[PDB]
Amino acid sequence: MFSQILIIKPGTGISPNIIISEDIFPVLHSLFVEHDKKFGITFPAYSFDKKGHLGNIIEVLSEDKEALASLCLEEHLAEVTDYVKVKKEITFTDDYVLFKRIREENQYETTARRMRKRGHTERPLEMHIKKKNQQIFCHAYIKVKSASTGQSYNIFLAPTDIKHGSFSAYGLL
Amino acid sequence: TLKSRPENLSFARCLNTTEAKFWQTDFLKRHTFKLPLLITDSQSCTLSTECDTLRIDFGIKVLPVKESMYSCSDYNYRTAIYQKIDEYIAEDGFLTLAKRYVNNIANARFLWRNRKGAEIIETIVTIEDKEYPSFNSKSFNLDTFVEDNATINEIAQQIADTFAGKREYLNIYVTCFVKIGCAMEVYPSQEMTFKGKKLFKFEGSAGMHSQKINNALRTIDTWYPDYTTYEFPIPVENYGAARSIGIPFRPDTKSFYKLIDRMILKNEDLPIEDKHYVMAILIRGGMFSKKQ
Amino acid sequence: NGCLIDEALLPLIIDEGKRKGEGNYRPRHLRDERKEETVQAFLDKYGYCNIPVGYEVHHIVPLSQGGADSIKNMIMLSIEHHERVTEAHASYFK
């Protein structure tokens, strides 16, 4: 489907990850919440070696050649331009590896509270947190702040093989 | 009659940079008021609740190039180097490289990471007892090198003449004013205490190591082989090795070692770009020797 | 199954290796090679067909301070836990 490719300009001091997290996410999520129809996000350079990176490059994907123009890409990112360039041609294509959202247990105290009142009252838990968190953590992230809960959380990512489907507000499957 | 480089050849740096010390101030009273900015114990660093500006102060000393050889175990090769530098001082009076250095001062590349999200940045440069008109620092880009400003020319002429003999030293002092806002992080440098992010402290306050400020001002190389594909300035290194994009950008014939072997050990007129890279590598310094 | 979940048992691993390996330094011509058939066998005993994510095989007694290549000298440690052991010994074994 149609797509608009996003560079971060390289060799500027700041890392890709920081620039991607702070700039691109907030404005894309605000635009995504606004224009309700679920768009999609793909990273053309995922390269999991022992841990997993995210690359210089991201792709916004959608299935309407005018919906991308309804997002007004190159005029929204008009402050931080020195670190981001937004190409302006919504070219269709049929090659991509879509991504999803992996989750990660939660700290022992926050599980406990639910773990007691919910019932199922009173070391087996700690093994579950340690194993489940240790397995996942070695993937990529995109630190996220909050508008409501006003909290800091990290949204991990991982590939999949669906090649079509229905997406979410942040951008994954 | 020259067959090889000597067994001991070294240079010194002709651009000496001091370490930076961080201060905090307000903005509409910046020319009357200063306060210490300290580390809060992993370590961290943040502004107060009543200030909205970070002031960064450092200074530069410029030295001549010809009188900056520290060791040469063969007089003939010294005579060759001195004649080649005199040939470049005939063509270009070291103006292009110095213009690029003052441009890297004016773009405010020395505020790495501390530059994203600023609202107004200004930079004043003082030489002797005369202050120079300030710089907007966001009307400049990190891809282009302006060559038609007035103050940049007027500073680069002084730096030039001193890289070439007509003055013996030049002391340049630079102050900066970054408005990030109240209660925002600072990002000073980091120490290899070699756990936790141990931050650097200079005289109680915070600051950057002088090597980072120097590596920001030597990103002037736009004369490498594959520049049309990747269009971005790289630091002036030997086997050109910008660490961000982890691939050597000059592994081969255009390296400094080969290029200086093909200019002293066998007379051959290089293009002006290659001279502009070699005379720079010499401004930086190193142990350019051999294993005879 | 074959991977360490606790974080306290690490000191016992680091110590065992130290106790059994204190002075038996050996040069290269005298160390058992790291075969591929043995890392397969270990995998079978407990299930995995491939080494799971974040885990790396490790010899409890090092193969340069004198040790065996066997199923009884192998543990799978998390990628950060493997960084602790691979340097704490390095200081003690110089």
# chains A, B, ... in the order shown; residues from 1 in each chain; ligands from 1

$ interface_residues --of "chain C" --to "chain A" --cutoff "9 Å" --atoms "only C-alpha atoms" --output "ChimeraX atom specification"
/C:4-6,52-55,78-79

$ interface_residues --of "chain A" --to "chain B" --cutoff "12 Å" --atoms "only C-alpha atoms" --output "ChimeraX atom specification"
/A:9-16,18-19,22-23,55-56,79-83

$ write_last_selection --atoms "C-alpha atoms" --output "tab-separated table (two decimals), in the first residue's frame"
chain	number	residue	atom	x	y	z
A	9	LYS	CA	19.26	13.09	9.33
A	10	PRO	CA	22.42	11.30	10.47
A	11	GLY	CA	25.54	12.68	12.12
A	12	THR	CA	24.02	15.33	14.36
A	13	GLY	CA	25.21	14.37	17.86
A	14	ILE	CA	21.89	13.05	19.18
A	15	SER	CA	21.15	9.34	18.65
A	16	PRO	CA	18.37	8.05	16.36
A	18	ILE	CA	16.08	9.75	21.26
A	19	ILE	CA	15.00	11.83	18.22
A	22	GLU	CA	10.58	12.50	21.44
A	23	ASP	CA	9.68	14.06	18.07
A	55	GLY	CA	17.24	1.88	12.46
A	56	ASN	CA	17.56	5.24	10.78
A	79	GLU	CA	10.27	22.89	13.88
A	80	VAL	CA	12.70	20.08	14.23
A	81	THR	CA	13.74	19.92	10.61
A	82	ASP	CA	17.38	20.01	11.27
A	83	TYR	CA	17.07	16.48	12.53

$ residues_around --residues "residue 60 (chain A)" --least-positions-apart "4" --cutoff "9 Å" --atoms "only C-alpha atoms" --output "PyMOL selection string"
chain A and resi 2-6+39-43+68+171

$ residues_around --residues "region 186-201 of chain B" --least-positions-apart "2" --cutoff "7 Å" --atoms "only C-alpha atoms" --output "ChimeraX atom specification"
/B:42-43,45-47,114,184,203-209

$ write_last_selection --atoms "C-alpha atoms" --output "PDB file, in the first residue's frame"
ATOM      1  CA  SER B  42      22.904   7.165  39.550  1.00  0.00           C
ATOM      2  CA  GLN B  43      23.643  10.890  39.381  1.00  0.00           C
ATOM      3  CA  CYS B  45      21.595  17.269  36.932  1.00  0.00           C
ATOM      4  CA  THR B  46      18.615  19.628  36.617  1.00  0.00           C
ATOM      5  CA  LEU B  47      18.008  23.381  36.765  1.00  0.00           C
ATOM      6  CA  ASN B 114      21.818  20.246  24.956  1.00  0.00           C
ATOM      7  CA  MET B 184      14.588  20.819  32.856  1.00  0.00           C
ATOM      8  CA  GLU B 203      35.478  23.060  40.281  1.00  0.00           C
ATOM      9  CA  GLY B 204      32.295  21.947  42.024  1.00  0.00           C
ATOM     10  CA  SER B 205      29.997  22.828  39.119  1.00  0.00           C
ATOM     11  CA  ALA B 206      29.339  20.755  35.991  1.00  0.00           C
ATOM     12  CA  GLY B 207      30.831  20.864  32.538  1.00  0.00           C
ATOM     13  CA  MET B 208      32.005  19.139  29.389  1.00  0.00           C
ATOM     14  CA  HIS B 209      35.414  17.626  28.758  1.00  0.00           C
TER      15      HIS B 209
END

$ atom_distance --atom1 "CA of residue 151 (chain A)" --atom2 "CA of residue 181 (chain B)"
21.1 Å

$ select_by_dssp --residues "region 119-256 of chain B" --states "helix (DSSP H, G or I)" --output "list in words"
residues 150, 151, 152, 153, 154, 155, 156, 157, 158, 159, 160, 161, 162, 163, 210, 211, 212, 213, 214, 215, 216, 217 and 256 of chain B

$ select_by_dssp --residues "region 21-155 of chain A" --states "strand (DSSP E or B)" --output "PDB file with N, CA and C atoms, in the first residue's frame"
ATOM      1  N   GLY A  40      -0.554   2.778  10.052  1.00  0.00           N
ATOM      2  CA  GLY A  40       0.347   1.708  10.428  1.00  0.00           C
ATOM      3  C   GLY A  40       1.792   2.127  10.299  1.00  0.00           C
ATOM      4  N   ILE A  41       2.634   1.474  11.098  1.00  0.00           N
ATOM      5  CA  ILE A  41       4.027   1.853  11.298  1.00  0.00           C
ATOM      6  C   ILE A  41       4.915   0.641  11.041  1.00  0.00           C
ATOM      7  N   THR A  42       5.975   0.848  10.258  1.00  0.00           N
ATOM      8  CA  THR A  42       6.914  -0.217   9.930  1.00  0.00           C
ATOM      9  C   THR A  42       8.321   0.371   9.909  1.00  0.00           C
ATOM     10  N   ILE A  57      15.422   4.507   9.885  1.00  0.00           N
ATOM     11  CA  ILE A  57      14.270   4.567   9.003  1.00  0.00           C
ATOM     12  C   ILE A  57      13.011   3.972   9.631  1.00  0.00           C
ATOM     13  N   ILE A  58      11.875   4.614   9.326  1.00  0.00           N
ATOM     14  CA  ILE A  58      10.530   4.171   9.668  1.00  0.00           C
ATOM     15  C   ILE A  58       9.653   4.378   8.432  1.00  0.00           C
ATOM     16  N   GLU A  59       8.560   3.617   8.341  1.00  0.00           N
ATOM     17  CA  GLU A  59       7.567   3.849   7.295  1.00  0.00           C
ATOM     18  C   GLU A  59       6.196   4.002   7.926  1.00  0.00           C
ATOM     19  N   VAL A  60       5.462   5.015   7.493  1.00  0.00           N
ATOM     20  CA  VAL A  60       4.041   5.114   7.783  1.00  0.00           C
ATOM     21  C   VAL A  60       3.301   4.436   6.639  1.00  0.00           C
ATOM     22  N   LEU A  61       2.376   3.532   6.965  1.00  0.00           N
ATOM     23  CA  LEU A  61       1.629   2.801   5.951  1.00  0.00           C
ATOM     24  C   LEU A  61       0.138   3.046   6.123  1.00  0.00           C
ATOM     25  N   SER A  62      -0.552   3.216   4.998  1.00  0.00           N
ATOM     26  CA  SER A  62      -2.002   3.360   4.980  1.00  0.00           C
ATOM     27  C   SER A  62      -2.502   2.895   3.619  1.00  0.00           C
ATOM     28  N   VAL A  84      15.217  15.955  11.027  1.00  0.00           N
ATOM     29  CA  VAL A  84      14.233  15.082  10.398  1.00  0.00           C
ATOM     30  C   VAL A  84      13.897  15.672   9.034  1.00  0.00           C
ATOM     31  N   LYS A  85      13.892  14.837   7.995  1.00  0.00           N
ATOM     32  CA  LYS A  85      13.410  15.254   6.684  1.00  0.00           C
ATOM     33  C   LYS A  85      12.283  14.333   6.243  1.00  0.00           C
ATOM     34  N   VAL A  86      11.163  14.913   5.807  1.00  0.00           N
ATOM     35  CA  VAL A  86       9.986  14.122   5.429  1.00  0.00           C
ATOM     36  C   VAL A  86       9.724  14.104   3.943  1.00  0.00           C
ATOM     37  N   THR A  91       4.119   6.882  -2.277  1.00  0.00           N
ATOM     38  CA  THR A  91       4.341   5.778  -3.200  1.00  0.00           C
ATOM     39  C   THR A  91       3.771   4.481  -2.635  1.00  0.00           C
ATOM     40  N   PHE A  92       3.015   3.754  -3.456  1.00  0.00           N
ATOM     41  CA  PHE A  92       2.543   2.434  -3.069  1.00  0.00           C
ATOM     42  C   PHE A  92       3.647   1.395  -3.240  1.00  0.00           C
ATOM     43  N   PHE A  99       4.846  -5.004  12.662  1.00  0.00           N
ATOM     44  CA  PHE A  99       5.253  -5.175  14.049  1.00  0.00           C
ATOM     45  C   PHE A  99       4.055  -5.133  14.995  1.00  0.00           C
ATOM     46  N   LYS A 100       4.240  -5.733  16.176  1.00  0.00           N
ATOM     47  CA  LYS A 100       3.207  -5.837  17.204  1.00  0.00           C
ATOM     48  C   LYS A 100       3.709  -5.306  18.543  1.00  0.00           C
ATOM     49  N   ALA A 140      13.284  -4.191  21.312  1.00  0.00           N
ATOM     50  CA  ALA A 140      13.325  -2.753  21.144  1.00  0.00           C
ATOM     51  C   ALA A 140      12.277  -1.988  21.929  1.00  0.00           C
ATOM     52  N   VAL A 144       7.429   5.996  26.225  1.00  0.00           N
ATOM     53  CA  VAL A 144       6.213   6.765  26.060  1.00  0.00           C
ATOM     54  C   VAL A 144       5.822   7.492  27.303  1.00  0.00           C
ATOM     55  N   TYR A 153       6.126   4.899  30.599  1.00  0.00           N
ATOM     56  CA  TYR A 153       6.095   3.486  30.311  1.00  0.00           C
ATOM     57  C   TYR A 153       6.853   3.224  29.042  1.00  0.00           C
TER      58      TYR A 153
END

$ residues_around --residues "residue 75 (chain B)" --least-positions-apart "6" --cutoff "12 Å" --atoms "only C-alpha atoms" --output "list in words"
residues 2, 5, 6, 8, 9, 69, 81 and 82 of chain B

$ write_last_selection --atoms "C-alpha atoms" --output "PDB file, in the first residue's frame"
ATOM      1  CA  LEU B   2      63.399  10.282   0.454  1.00  0.00           C
ATOM      2  CA  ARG B   5      58.875   8.469   6.997  1.00  0.00           C
ATOM      3  CA  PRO B   6      61.210   8.767  10.026  1.00  0.00           C
ATOM      4  CA  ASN B   8      59.811   9.319  15.255  1.00  0.00           C
ATOM      5  CA  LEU B   9      57.510  12.050  13.942  1.00  0.00           C
ATOM      6  CA  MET B  69      56.661  19.855  15.171  1.00  0.00           C
ATOM      7  CA  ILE B  81      57.404  19.708   5.312  1.00  0.00           C
ATOM      8  CA  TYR B  82      58.456  23.342   5.847  1.00  0.00           C
TER       9      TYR B  82
END

$ residues_around --residues "region 86-98 of chain B" --least-positions-apart "2" --cutoff "9 Å" --atoms "only C-alpha atoms" --output "PyMOL selection string"
chain B and resi 66+81-84+100-103+153+155-157+159-161+163-164+220+275-276+279-280

$ write_last_selection --atoms "N, CA and C atoms" --output "PDB file, in the first residue's frame"
ATOM      1  N   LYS B  66      53.827  25.923  11.633  1.00  0.00           N
ATOM      2  CA  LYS B  66      55.210  25.632  11.264  1.00  0.00           C
ATOM      3  C   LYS B  66      56.062  25.334  12.490  1.00  0.00           C
ATOM      4  N   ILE B  81      58.650  19.237   4.688  1.00  0.00           N
ATOM      5  CA  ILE B  81      57.404  19.708   5.312  1.00  0.00           C
ATOM      6  C   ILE B  81      57.344  21.228   5.344  1.00  0.00           C
ATOM      7  N   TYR B  82      58.439  21.882   5.753  1.00  0.00           N
ATOM      8  CA  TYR B  82      58.456  23.342   5.847  1.00  0.00           C
ATOM      9  C   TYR B  82      58.249  24.003   4.487  1.00  0.00           C
ATOM     10  N   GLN B  83      58.810  23.410   3.425  1.00  0.00           N
ATOM     11  CA  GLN B  83      58.607  23.983   2.098  1.00  0.00           C
ATOM     12  C   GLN B  83      57.165  23.780   1.623  1.00  0.00           C
ATOM     13  N   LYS B  84      56.556  22.618   1.917  1.00  0.00           N
ATOM     14  CA  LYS B  84      55.171  22.378   1.492  1.00  0.00           C
ATOM     15  C   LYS B  84      54.175  23.287   2.214  1.00  0.00           C
ATOM     16  N   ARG B 100      35.714  27.536   8.257  1.00  0.00           N
ATOM     17  CA  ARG B 100      34.924  26.380   8.670  1.00  0.00           C
ATOM     18  C   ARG B 100      34.927  26.194  10.194  1.00  0.00           C
ATOM     19  N   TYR B 101      36.062  26.462  10.860  1.00  0.00           N
ATOM     20  CA  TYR B 101      36.115  26.355  12.325  1.00  0.00           C
ATOM     21  C   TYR B 101      35.237  27.404  13.011  1.00  0.00           C
ATOM     22  N   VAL B 102      35.307  28.661  12.553  1.00  0.00           N
ATOM     23  CA  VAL B 102      34.458  29.710  13.127  1.00  0.00           C
ATOM     24  C   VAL B 102      32.991  29.443  12.809  1.00  0.00           C
ATOM     25  N   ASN B 103      32.713  28.814  11.662  1.00  0.00           N
ATOM     26  CA  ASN B 103      31.351  28.398  11.359  1.00  0.00           C
ATOM     27  C   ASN B 103      30.866  27.330  12.330  1.00  0.00           C
ATOM     28  N   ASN B 153      34.077  36.244   8.875  1.00  0.00           N
ATOM     29  CA  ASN B 153      35.264  36.625   8.108  1.00  0.00           C
ATOM     30  C   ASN B 153      36.280  37.359   8.979  1.00  0.00           C
ATOM     31  N   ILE B 155      36.808  37.372  12.227  1.00  0.00           N
ATOM     32  CA  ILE B 155      37.506  36.469  13.147  1.00  0.00           C
ATOM     33  C   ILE B 155      38.430  35.502  12.401  1.00  0.00           C
ATOM     34  N   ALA B 156      37.969  34.954  11.267  1.00  0.00           N
ATOM     35  CA  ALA B 156      38.746  33.941  10.562  1.00  0.00           C
ATOM     36  C   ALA B 156      40.014  34.516   9.946  1.00  0.00           C
ATOM     37  N   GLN B 157      40.026  35.815   9.637  1.00  0.00           N
ATOM     38  CA  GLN B 157      41.259  36.460   9.193  1.00  0.00           C
ATOM     39  C   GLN B 157      42.326  36.464  10.288  1.00  0.00           C
ATOM     40  N   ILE B 159      42.473  34.358  12.922  1.00  0.00           N
ATOM     41  CA  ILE B 159      42.874  32.970  13.168  1.00  0.00           C
ATOM     42  C   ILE B 159      43.808  32.490  12.064  1.00  0.00           C
ATOM     43  N   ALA B 160      43.565  32.982  10.859  1.00  0.00           N
ATOM     44  CA  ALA B 160      44.356  32.557   9.713  1.00  0.00           C
ATOM     45  C   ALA B 160      45.757  33.020   9.801  1.00  0.00           C
ATOM     46  N   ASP B 161      45.922  34.316   9.904  1.00  0.00           N
ATOM     47  CA  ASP B 161      47.233  34.880   9.974  1.00  0.00           C
ATOM     48  C   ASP B 161      48.085  34.245  11.051  1.00  0.00           C
ATOM     49  N   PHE B 163      47.742  31.065  12.064  1.00  0.00           N
ATOM     50  CA  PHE B 163      48.097  29.713  11.749  1.00  0.00           C
ATOM     51  C   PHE B 163      49.247  29.799  10.769  1.00  0.00           C
ATOM     52  N   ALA B 164      49.543  30.981  10.246  1.00  0.00           N
ATOM     53  CA  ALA B 164      50.530  31.132   9.178  1.00  0.00           C
ATOM     54  C   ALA B 164      51.746  31.993   9.411  1.00  0.00           C
ATOM     55  N   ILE B 220      34.611  19.292   9.829  1.00  0.00           N
ATOM     56  CA  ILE B 220      34.673  20.266   8.748  1.00  0.00           C
ATOM     57  C   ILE B 220      34.974  19.543   7.445  1.00  0.00           C
ATOM     58  N   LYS B 275      45.010  18.723  -0.127  1.00  0.00           N
ATOM     59  CA  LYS B 275      45.838  19.620   0.672  1.00  0.00           C
ATOM     60  C   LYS B 275      45.054  20.173   1.855  1.00  0.00           C
ATOM     61  N   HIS B 276      43.787  20.530   1.619  1.00  0.00           N
ATOM     62  CA  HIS B 276      42.899  21.032   2.657  1.00  0.00           C
ATOM     63  C   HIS B 276      42.597  19.990   3.725  1.00  0.00           C
ATOM     64  N   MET B 279      46.645  19.498   5.585  1.00  0.00           N
ATOM     65  CA  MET B 279      46.985  20.593   6.445  1.00  0.00           C
ATOM     66  C   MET B 279      46.071  20.633   7.661  1.00  0.00           C
ATOM     67  N   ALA B 280      44.937  19.958   7.628  1.00  0.00           N
ATOM     68  CA  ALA B 280      44.056  19.887   8.793  1.00  0.00           C
ATOM     69  C   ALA B 280      44.531  18.835   9.734  1.00  0.00           C
TER      70      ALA B 280
END

$ residues_around --residues "region 15-17 of chain C" --least-positions-apart "2" --cutoff "12 Å" --atoms "only C-alpha atoms" --output "MDAnalysis selection string"
chainID C and resid 9:13 19:24 58:67 73:74 85:86 88:90 92:93

$ write_last_selection --atoms "C-alpha atoms" --output "PDB file, in the first residue's frame"
ATOM      1  CA  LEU C   9      22.644 -17.964  43.495  1.00  0.00           C
ATOM      2  CA  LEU C  10      25.136 -16.092  41.323  1.00  0.00           C
ATOM      3  CA  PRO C  11      27.701 -15.709  44.035  1.00  0.00           C
ATOM      4  CA  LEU C  12      27.708 -19.505  44.483  1.00  0.00           C
ATOM      5  CA  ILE C  13      28.447 -19.930  40.757  1.00  0.00           C
ATOM      6  CA  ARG C  19      37.568 -22.635  44.148  1.00  0.00           C
ATOM      7  CA  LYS C  20      37.972 -25.152  41.393  1.00  0.00           C
ATOM      8  CA  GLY C  21      40.304 -23.268  39.148  1.00  0.00           C
ATOM      9  CA  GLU C  22      42.541 -21.311  41.434  1.00  0.00           C
ATOM     10  CA  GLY C  23      45.938 -22.334  40.160  1.00  0.00           C
ATOM     11  CA  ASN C  24      45.390 -24.849  37.434  1.00  0.00           C
ATOM     12  CA  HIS C  58      28.577 -21.017  30.251  1.00  0.00           C
ATOM     13  CA  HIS C  59      31.092 -23.383  31.842  1.00  0.00           C
ATOM     14  CA  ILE C  60      30.873 -23.399  35.653  1.00  0.00           C
ATOM     15  CA  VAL C  61      34.593 -24.148  35.864  1.00  0.00           C
ATOM     16  CA  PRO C  62      36.424 -22.227  33.087  1.00  0.00           C
ATOM     17  CA  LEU C  63      37.966 -24.116  30.177  1.00  0.00           C
ATOM     18  CA  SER C  64      41.249 -22.215  30.466  1.00  0.00           C
ATOM     19  CA  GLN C  65      41.709 -22.753  34.207  1.00  0.00           C
ATOM     20  CA  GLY C  66      41.152 -26.463  33.582  1.00  0.00           C
ATOM     21  CA  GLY C  67      37.659 -27.817  33.069  1.00  0.00           C
ATOM     22  CA  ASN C  73      29.642 -28.361  33.521  1.00  0.00           C
ATOM     23  CA  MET C  74      27.093 -26.212  31.686  1.00  0.00           C
ATOM     24  CA  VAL C  85      30.657 -13.752  35.717  1.00  0.00           C
ATOM     25  CA  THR C  86      32.833 -13.159  32.617  1.00  0.00           C
ATOM     26  CA  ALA C  88      34.585 -11.080  38.011  1.00  0.00           C
ATOM     27  CA  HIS C  89      36.697 -14.091  37.187  1.00  0.00           C
ATOM     28  CA  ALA C  90      38.879 -12.119  34.843  1.00  0.00           C
ATOM     29  CA  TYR C  92      40.646 -12.972  40.055  1.00  0.00           C
ATOM     30  CA  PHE C  93      42.355 -15.000  37.309  1.00  0.00           C
TER      31      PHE C  93
END

$ closest_residue --among "C:14, C:68, C:8, C:75" --to "residue 46 (chain C)" --atoms "only C-alpha atoms"
C:75

$ closest_residue --among "C:29, C:18, C:35, C:94" --to "residue 71 (chain C)" --atoms "only C-alpha atoms"
C:35

$ atom_distance --atom1 "CA of residue 15 (chain B)" --atom2 "CA of residue 172 (chain B)"
10.5 Å

$ decode --residues "region 20-41 of chain C" --atoms "C-alpha atoms" --output "tab-separated table (two decimals), in the first residue's frame"
chain	number	residue	atom	x	y	z
C	20	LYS	CA	37.97	-25.15	41.39
C	21	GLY	CA	40.30	-23.27	39.15
C	22	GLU	CA	42.54	-21.31	41.43
C	23	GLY	CA	45.94	-22.33	40.16
C	24	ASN	CA	45.39	-24.85	37.43
C	25	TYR	CA	46.15	-22.45	34.59
C	26	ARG	CA	46.69	-24.20	31.31
C	27	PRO	CA	47.94	-23.15	27.89
C	28	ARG	CA	46.09	-23.74	24.64
C	29	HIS	CA	47.55	-27.06	23.61
C	30	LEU	CA	46.08	-28.36	26.84
C	31	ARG	CA	42.35	-27.60	26.99
C	32	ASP	CA	39.38	-29.65	25.91
C	33	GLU	CA	37.88	-28.27	22.67
C	34	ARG	CA	34.33	-26.90	22.63
C	35	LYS	CA	32.41	-29.42	20.56
C	36	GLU	CA	29.00	-28.76	19.03
C	37	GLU	CA	27.49	-32.17	19.91
C	38	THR	CA	27.65	-31.36	23.63
C	39	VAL	CA	25.65	-28.09	23.46
C	40	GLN	CA	23.02	-30.07	21.57
C	41	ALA	CA	22.86	-32.80	24.19
